[PDB]
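Enquirer: First the structure, then my questions, so here it is.
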Protein chains: 2
Amino acid sequence: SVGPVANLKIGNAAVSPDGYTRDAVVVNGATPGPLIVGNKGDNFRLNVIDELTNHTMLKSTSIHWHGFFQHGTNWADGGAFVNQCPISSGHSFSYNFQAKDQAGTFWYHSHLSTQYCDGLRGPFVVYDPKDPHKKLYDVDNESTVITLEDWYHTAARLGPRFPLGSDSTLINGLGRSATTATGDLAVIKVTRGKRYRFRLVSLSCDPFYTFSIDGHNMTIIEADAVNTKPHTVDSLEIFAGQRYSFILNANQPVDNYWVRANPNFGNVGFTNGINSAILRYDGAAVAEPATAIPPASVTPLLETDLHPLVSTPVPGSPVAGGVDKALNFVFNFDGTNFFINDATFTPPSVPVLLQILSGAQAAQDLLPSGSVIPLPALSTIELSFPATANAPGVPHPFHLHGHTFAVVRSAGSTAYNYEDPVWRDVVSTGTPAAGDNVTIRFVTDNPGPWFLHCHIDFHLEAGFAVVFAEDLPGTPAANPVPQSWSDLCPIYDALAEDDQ
Amino acid sequence: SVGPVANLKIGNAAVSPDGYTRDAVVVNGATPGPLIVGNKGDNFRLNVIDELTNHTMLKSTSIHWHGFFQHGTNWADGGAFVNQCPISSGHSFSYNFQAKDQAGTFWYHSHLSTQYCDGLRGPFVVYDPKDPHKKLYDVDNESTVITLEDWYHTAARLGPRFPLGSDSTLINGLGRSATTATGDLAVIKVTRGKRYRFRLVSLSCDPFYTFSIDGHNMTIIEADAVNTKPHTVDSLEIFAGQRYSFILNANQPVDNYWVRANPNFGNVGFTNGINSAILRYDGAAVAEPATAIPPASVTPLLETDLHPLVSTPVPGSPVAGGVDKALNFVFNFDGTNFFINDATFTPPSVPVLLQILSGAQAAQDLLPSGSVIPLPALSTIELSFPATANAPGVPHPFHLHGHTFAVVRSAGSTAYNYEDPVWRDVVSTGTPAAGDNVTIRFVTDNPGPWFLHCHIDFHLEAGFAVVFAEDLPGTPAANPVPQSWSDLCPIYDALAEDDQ
Ligand SMILES: *[C@@H]1O[C@H](CO)[C@@H](O[C@@H]2O[C@H](CO)[C@@H](O[C@@H]3O[C@H](CO[C@H]4O[C@H](CO[C@H]5O[C@H](CO)[C@@H](O)[C@H](O)[C@@H]5O)[C@@H](O)[C@H](O[C@H]5O[C@H](CO)[C@@H](O)[C@H](O)[C@@H]5O)[C@@H]4O)[C@@H](O)[C@H](O[C@H]4O[C@H](CO)[C@@H](O)[C@H](O)[C@@H]4O)[C@@H]3O)[C@H](O)[C@H]2NC(C)=O)[C@H](O)[C@H]1NC(C)=O
Ligand SMILES: *[C@@H]1O[C@H](CO)[C@@H](O[C@@H]2O[C@H](CO)[C@@H](O[C@@H]3O[C@H](CO[C@H]4O[C@H](CO)[C@@H](O)[C@H](O[C@H]5O[C@H](CO)[C@@H](O)[C@H](O)[C@@H]5O)[C@@H]4O)[C@@H](O)[C@H](O[C@H]4O[C@H](CO)[C@@H](O)[C@H](O)[C@@H]4O)[C@@H]3O)[C@H](O)[C@H]2NC(C)=O)[C@H](O)[C@H]1NC(C)=O
Ligand SMILES: *[C@@H]1O[C@H](CO)[C@@H](O[C@@H]2O[C@H](CO)[C@@H](O[C@@H]3O[C@H](CO[C@H]4O[C@H](CO[C@H]5O[C@H](CO)[C@@H](O)[C@H](O)[C@@H]5O)[C@@H](O)[C@H](O[C@H]5O[C@H](CO)[C@@H](O)[C@H](O)[C@@H]5O)[C@@H]4O)[C@@H](O)[C@H](O)[C@@H]3O)[C@H](O)[C@H]2NC(C)=O)[C@H](O)[C@H]1NC(C)=O
Ligand SMILES: *[C@@H]1O[C@H](CO)[C@@H](O[C@@H]2O[C@H](CO)[C@@H](O[C@@H]3O[C@H](CO[C@H]4O[C@H](CO[C@H]5O[C@H](CO)[C@@H](O)[C@H](O)[C@@H]5O)[C@@H](O)[C@H](O[C@H]5O[C@H](CO)[C@@H](O)[C@H](O)[C@@H]5O)[C@@H]4O)[C@@H](O)[C@H](O)[C@@H]3O)[C@H](O)[C@H]2NC(C)=O)[C@H](O)[C@H]1NC(C)=O
Ligand SMILES: *[C@@H]1O[C@H](CO)[C@@H](O)[C@H](O)[C@H]1NC(C)=O
Ligand SMILES: *[C@@H]1O[C@H](CO)[C@@H](O)[C@H](O)[C@H]1NC(C)=O
Ligand SMILES: [Cu+2]
Ligand SMILES: [Cu+2]
Ligand SMILES: [Cu+2]
Ligand SMILES: [Cu+2]
Ligand SMILES: [Cu+2]
Ligand SMILES: [Cu+2]
Ligand SMILES: [Cu+2]
Ligand SMILES: [Cu+2]
């Protein structure tokens, strides 16, 4: 691992995570990128050195630290053309931010177009020396982080606008490809009698995974970097950019057990060990687990079963629309672009934050017109995301920057929970077939412009996003910017198209 | 089409339904086999002529007419080693039976080991000249039958015991294969302004399909050959061996529309037009429908939404166990074989029917021991099939020969419907994740031995079956047998193994 003070060299390399060689975007030579680490409260100084040479996967970059509040450091949040202009090749830019009152499992990824699909993605863990769950486990380190990723043989800008499936699933960077009949299996080692805090991170550009480990249950203790009451399940669905920590007790016989991460579309199933890794007990033979009918889950995770470890009052009052500001989002799609309330997000040439600092007076004046929505400061907010056939590609996992939110109503559920709903940062908005109306709440304690979007990267690219201008009046005073940030736009704007 | 009196020549041929050539078992030169037709009440004389030469796909055969009650013609039901010994190559055998009080959508398939997966399967329609639904449609013929098949490039006896997905989905015998990047799309033709009765039949060996037609709803009017009240949906799941008729109104703009049949595992999705066919309006270009994000279903079929067209009483009284005989089935599996109440089905050398005709008094005395269960004559029966992780491969679609049954409790539902539940002959038993306990009722009005088994053919092969000895004492009188049937066993038993 690296961090909390680190260089992250972004470059192009030929890689073969699934046994097929292709050009990718790598971090310190690898994809997925290295584990970034720190402790609760640490100041991070992550110096991103762009050495990219390949315009087809973009020479520029911008890194988002998924899950971090960035209070007073909006300029470091990483959303291209929202929080910064991209870094240009041949240049470095240091993201300097704090894990203020935050600890748990996060990740980092390019937030420039679909570039993270081409490889710029990795896990990020902030340890808590006073973790309230510490007595539940013996091992928590680099080897207990489990990353899931969709991998494509055709590069993001060379294939379909909306890929209809991936070519392999990579678990900790490795996996088998059905289409090329190639690839190796990741091995996750355990020692009988020890308990493990596995930190499961979806780096997916698109599919959700159904994740399980043969012969072992998973005791969930964290969702999207917020501590939960322990809740034991035998499988879970994990959407793009969600995280869970779960305890695994290595109390089964010494053997090899299949770890399964099955995508919702693409190659679904486990023929030849696709969508799989190996949980290997110390002393077990160096072999694959036996070919088996995949086991049936009896206790799959329901989001409605997750509850905050600490009593956390839900903002507003226990009635629909009982907040200061309630907003409903109507989704649509025209075959090319997605729309939220009849607006499709197209990245403005002046980043949203810069427009604000330059003195734009109201959110209606901010570009792109209709996509930037003001929120009043120090207020309770309720957002509803009713699932609709007008926005195909369901279920859409929505993500809000700068905040965690209470999931008052989950997908697949008609209940509203104003008492003890889970807190998270990525939520499935479900399906119109279930008449879903996923509803979330939060407080506007964080001045600045924050992305809200579908975390399916191909949908974001197709404009399925809005930006909240939260506390516009207070944004300049809250977010002083470094000169290096101010220089990004002139440098980027000087590039010819082929050098972007 | 052929029938109700016809020759069916069963042979081996090289075929390429998805553009990859492999050896198969065909019927009158084709797989899937020709449509067999007749009218309600017709006597069928189906002369099965076995010309097979390839032992790898079996030289013997036995054909089951799926959905027919076979009242008094148990010997014609086709279950290998239950209702007959197999037909031997170089011989013929005439299945002579009546569509007595039956009309609707059926199918036929080999019922010897996994031979139907190698190609011996086709649709079978019994028309009703007085169809109570006839005013709802203009066109109902050979061009409105839609068959769905899973297709494998490796033969059933050469591949895994438990395949995890197929190489292609065939709709009306054609489709694209992601394995080989080959195949053509079936075209289903409609004329604007006409209403169509499509008869959708699953000939699947394993996967269930999620079926839909872009831009068109489907008004279900029949399930498993029993008329329903019309019920309109925009997508449906269809399990192995189920049938639905639905009305399609061709009132949309003249164009090409995607027809979708997406398996539950294997290649899931629509990359390059796999799992697809084309609904083509007269006058539309000879072209594919536009590439598209697959549309989201707003009104998927629920089995609990289907009700019999005519008021039909539910056998027994409206309380759990309110029947003459109630039986619960405990499923299990040991890695190789499936078990039902601790017994795995292995075919006996003397067919169960012949054991009965030869004077076996108790179902206790019938072989295989533990797998043959007596049912009292003229009694109300309730069967439950509680889903269990002890039998992986869920959801298991169970099928009962000789009967249709009331689905008092469906998968994915906790309700018991004793008033107007759907009648069918294949039912998904769901998952233990849902606490499913699918429960069915029927009356024992049909003396003879009837298979009850999972219709995933690989699971049947692994023993996931029982046989009901229904009205044992009345069986010989009810089922007089032709000399040709009595000759099958001596002829078959004379074969060397390589000639079977
Ligand atoms: C998914 O869930 C969402 C959320 O529940 C749901 O949308 C709500 O649907 C209900 C029921 O249809 C709506 O209720 C109606 O509202 C009518 C007009 O009220 C308006 O006034 C609101 C102003 O409230 C203040 O405080 C709120 C915070 O609560 C704050 O936002 C405002 O600043 C405001 O000061 C307001 O919320 C609402 O505003 C709109 O929000 C967007 C902005 O993006 C706007 O563009 C939309 O047009 C939306 O309306 C609006 O201005 C009200 O007249 C009506 O009352 C009728 O019916 C009741 C029923 O009993 C009768 O008793 C009564 O006599 C009236 O005839 C009714 O209460 C509610 O407004 C929606 N909420 C939102 C936020 O949009 C979706 O429909 C769900 N979707 C699906 C598919 O299920
Ligand atoms: C910068 O970064 C980009 C993005 O990563 C790099 O882009 C790469 O460009 C190269 C060279 O143009 C690409 O190779 C080509 O791929 C095309 C399209 O391929 C696919 O579709 C085919 C048509 O339907 C299909 O047949 C292919 O499938 C077969 O082949 C693959 C192997 O490629 C095999 O794995 C399968 O089993 C199949 O058998 C495939 O899925 C392809 O048509 C090209 O082949 C033609 O041209 C080559 C040139 O050598 C020629 O030899 C052949 O005869 C053929 O006519 C060619 O292979 C590559 O795919 C791109 N990479 C990605 C990730 O998209 C770019 O190279 C980087 N620049 C630099 C300087 O590094
Ligand atoms: C009586 O009926 C018999 C059954 O129908 C018929 O049997 C045929 O017998 C011939 C002769 O032996 C077979 O042909 C031979 O096939 C083998 C095996 O090849 C196939 O399987 C391999 C392995 O697949 C697995 O592993 C790979 C790699 O890990 C995975 O990708 C895969 O998913 C599996 O897990 C596979 O790689 C092969 O695929 C390659 O080749 C095919 C074309 O052959 C390409 O389409 C494909 O893209 C790929 O390049 C292939 O699927 C092979 O090793 C031999 O070289 C030879 O080809 C027939 O397959 C078999 N037919 C069937 C339907 O099974 C008898 O012939 C018949 N009797 C008579 C007298 O006719
Ligand atoms: C899925 O649904 C299943 C159906 O509801 C359910 O199985 C049922 O479970 C309930 C709740 O525990 C049981 O109820 C308990 O029954 C006993 C009395 O049991 C004995 O008597 C009944 C009635 O016998 C007479 O009537 C029936 C018709 O209703 C005739 O068939 C019978 O011949 C008699 O005339 C009888 O059904 C029981 O049958 C046995 O079944 C097998 C062998 O076939 C045995 O292994 C089993 O243990 C049971 O003994 C039995 O002889 C009573 O003491 C309790 O107070 C309570 O009423 C039901 O018996 C049971 N029904 C059946 C048919 O098994 C599953 O539990 C459910 N599974 C899941 C996971 O949800
Ligand atoms: C996991 O949980 C299920 C349901 O709680 C239980 O039946 C199973 O035995 C457990 N497996 C373990 C502890 O390995
Ligand atoms: C099909 O039914 C749906 C749901 O009832 C409806 O919204 C849609 O307009 C219908 N489409 C047709 C008739 O083409
Ligand atoms: Cu993210
Ligand atoms: Cu984020
Ligand atoms: Cu989306
Ligand atoms: Cu984002
Ligand atoms: Cu059948
Ligand atoms: Cu049958
Ligand atoms: Cu089964
Ligand atoms: Cu059968």
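Enquirer: Please work out how much length the chain gains when fully extended from A:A285 to A:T21, using 0.36 nm per residue of separation minus the C-alpha to C-alpha distance, in nm with one decimal.
Expert: Extra length available between A:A285 and A:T21 comes to 92.1 nm.
Enquirer: Students often get this wrong, so check it: of A:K9/A:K189; B:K40/B:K194; A:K100/A:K189; B:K40/B:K135; A:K135/A:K194, which have C-alpha atoms separated by over 21 Å?
Expert: A:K9/A:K189; B:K40/B:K194; A:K100/A:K189, as the Cα separations exceed 21 Å there.
Enquirer: Shape verdict for the stretch A:200-266, please, from the Cα gyration tensor: rounded (a/c under 1.5), prolate (a/b greater than b/c) or oblate.
Expert: Oblate, because a/c is 1.5 or more while a/b does not exceed b/c.
Enquirer: Starting from a label point 7 Å past Cα on the Cβ side, list the distances from B:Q252 to the same position in the other copies, nm, shortest first.
Expert: Nearest first, the other copies' label points are 4.5 nm away.
Enquirer: Please figure out what share of the DSSP beta bridges in the stretch A:1-132 is antiparallel and state it in percent, rounded to the nearest 5.
Expert: DSSP beta bridges in the stretch A:1-132 are roughly 70 percent antiparallel.
Enquirer: What translational D, rounded to a whole number of µm²/s, comes out for the stretch A:90-217 from Stokes-Einstein when the hydrodynamic radius is the Kirkwood one over Cα pairs, at 37 °C and 0.692 mPa s?
Expert: D, rounded to a whole number, is 192 µm²/s.
Enquirer: Starting from the alpha-carbon convex hull of the stretch B:422-500, give the projected area averaged over all orientations, in nm². Could the numbers behind the result be given before it?
Expert: Working: hull surface 33.5 nm².
Approximately 8.4 nm², given one-decimal rounding.
Enquirer: Please compute the Kirkwood hydrodynamic radius of chain B from all pairs of different C-alpha atoms, in Å with one decimal.
Expert: 22.8
Enquirer: What net charge do the residues around A:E497 carry, taking every other residue with its C-beta under 15 Å from that of A:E497, with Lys and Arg at +1 and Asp and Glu at -1?
Expert: On the way: positive: A:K59, A:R157; negative: A:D493, A:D498, A:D499.
Spelling it out: positives minus negatives among the neighbours equals -1.
Enquirer: Using r as the Cβ-Cβ distance of A:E419 and A:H55, and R0 as 30 Å, what FRET efficiency do you calculate, to the nearest 0.05?
Expert: With a Förster radius of 30 Å, E is 0.05.
Enquirer: Any idea which of A:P351, A:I274, A:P289 is furthest toward the positive side of the dipole for chain A, if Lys and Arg beta-carbons carry +1 and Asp and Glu beta-carbons -1?
Expert: It is A:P289.
Enquirer: Over chain B, what relative contact order in percent results from Cα pairs under 8 Å that are six or more residues apart? Write out the running numbers ahead of the final one.
Expert: On the way: 1378 pairs, mean separation 75.8, N = 500.
Reported as a whole number, the value is 15 percent.
Enquirer: List the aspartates and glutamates whose alpha-carbon lies under 18 Å from that of B:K130, not counting same-chain residues fewer than 8 positions away?
Expert: B:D42, B:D101, B:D138, B:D140, B:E222
Enquirer: Other chains near B:264-272: what is the mean number of their Cβ atoms within 10 Å of each residue's Cβ?
Expert: 6
Enquirer: Using the Cα centre of the stretch B:311-500 as origin and beta-carbon charges of +1 (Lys, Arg) and -1 (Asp, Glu), tell me which of B:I381, B:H453, B:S484 is placed farthest towards the positive end of the dipole.
Expert: Comparing the listed Cα positions along the dipole, B:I381 ranks first.
Enquirer: Further question: Within a 10 angstrom radius of the beta carbon, how do B:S410, B:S177 rank from fewest other beta carbons to most?
Expert: The order, fewest Cβ neighbours first, is B:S177, B:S410.
Enquirer: While we're here: If you stretched the chain out fully between A:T182 and A:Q361, how much longer would it get, using 0.36 nm times the residue separation minus the C-alpha to C-alpha distance?
Expert: Extra length available between A:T182 and A:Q361 comes to 58.8 nm.
Enquirer: With both partners inside the stretch A:57-187, how many of the DSSP beta bridges are antiparallel, as a percent to the nearest 5?
Expert: 95
Enquirer: Quick one: Debye curve from the C-alpha atoms of the protein assembly as shown, no solvent, what's log10 I(q)/I(0) at q = 0.05, 0.08, 0.09, 0.10 Å⁻¹?
Expert: Here log10 of I(q) over I(0) equals -0.34, -0.82, -1.01, -1.19.
Enquirer: Quote the relative contact order of the stretch B:133-310 in percent (integer), defining contacts as alpha-carbon pairs under 8 Å separated by 6+ residues.
Expert: Over the stretch B:133-310, the number comes to 26 percent.
Enquirer: Using 20 Å as the cut-off for backbone N distance, which residues of the stretch A:422-438 belong to the label zone defined by a point 7 Å from the Cα of B:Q252 along Cα→Cβ?
Expert: Those under the cut-off are A:432-433.
Enquirer: When only alpha-carbon atoms count, how far does the stretch B:289-332 stretch along each of its three principal axes, as whole angstroms with the largest first?
Expert: Between the extreme Cα coordinates on each principal axis of the stretch B:289-332 lie 57, 38, 16 Å.
Enquirer: A follow-up question, please. Which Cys in the protein assembly as shown stand alone, with every other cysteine's Cβ at 4.7 Å or more from theirs?
Expert: A:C454, B:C454
Enquirer: Here is a further query. To the nearest whole number, what is the average tally of beta carbon atoms from other chains within 10 Å of the beta carbons of peptide B:392-398?
Expert: 2
Enquirer: Hey, what number do you get for chain B at 222 nm if only DSSP H runs of n ≥ 4 count, each worth -39500 (n - 2.57), divided across all residues, to the nearest 500? Before the final figure, lay out each step's value.
Expert: On the way: 4 runs with 26 residues, N = 500.
That comes out to -1000 deg cm²/dmol.
Enquirer: When DSSP assigns beta bridges and you keep just the ones with both residues in the stretch A:133-310, what percent turn out antiparallel, to the nearest 5?
Expert: Numbers: 38 of 48 bridges.
Taking every DSSP beta bridge with both residues in the stretch A:133-310, the antiparallel ones total about 80 percent.
Enquirer: Please sort A:432-439, B:165-172 by packing, taking for each peptide the average over its residues of neighbouring beta carbons within 10 angstrom, highest first.
Expert: Peptide ranking by packing, descending: B:165-172, A:432-439.
Enquirer: What is the mean projected area of the alpha carbon convex hull for the stretch B:1-132, to one decimal in square nanometres?
Expert: Values: hull surface 31.8 nm².
Projected over every direction and averaged, the Cα hull of the stretch B:1-132 covers 7.9 nm².
Enquirer: If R0 is 45 Å, what FRET efficiency do you get for A:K135 and A:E497 from their C-beta distance, rounded to 0.05?
Expert: Details: r = 56 Å, r/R0 = 1.25.
The formula returns an efficiency of 0.20 here.
Enquirer: Which whole number gives the average, over all residues in A:287-295, of C-beta atoms from other chains lying within 10 Å of the residue C-beta?
Expert: Working: counts 0, 0, 0, 1, 5, 3, 13, 6, 6.
That works out to 4 on average.
Enquirer: Which values, in whole Å and largest first, are the semi-axes of the equivalent ellipsoid of the stretch A:311-500 obtained as the square root of 5 times each eigenvalue of the Cα gyration tensor?
Expert: Result for the stretch A:311-500: semi-axes of 30, 22, 13 Å.
Enquirer: Obtain the nm distance between the two label points defined at A:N39 and B:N332 by a simple spin-label model: each point lies 7 Å from its Cα along the Cα-to-C-beta direction.
Expert: Modelled inter-label distance: 5.4 nm.
Enquirer: On the first, second and third principal axes, largest extent first, how far apart are the outermost C-alpha atoms of the stretch A:133-310 in Å?
Expert: Largest to smallest, the principal-axis extents are 49, 40, 30 Å.
Backbone-built Cβ (ideal geometry, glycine too); neighbour counts: all protein chains shown. Values in this text are rule-based calculations from the coordinates and carry no lab data.
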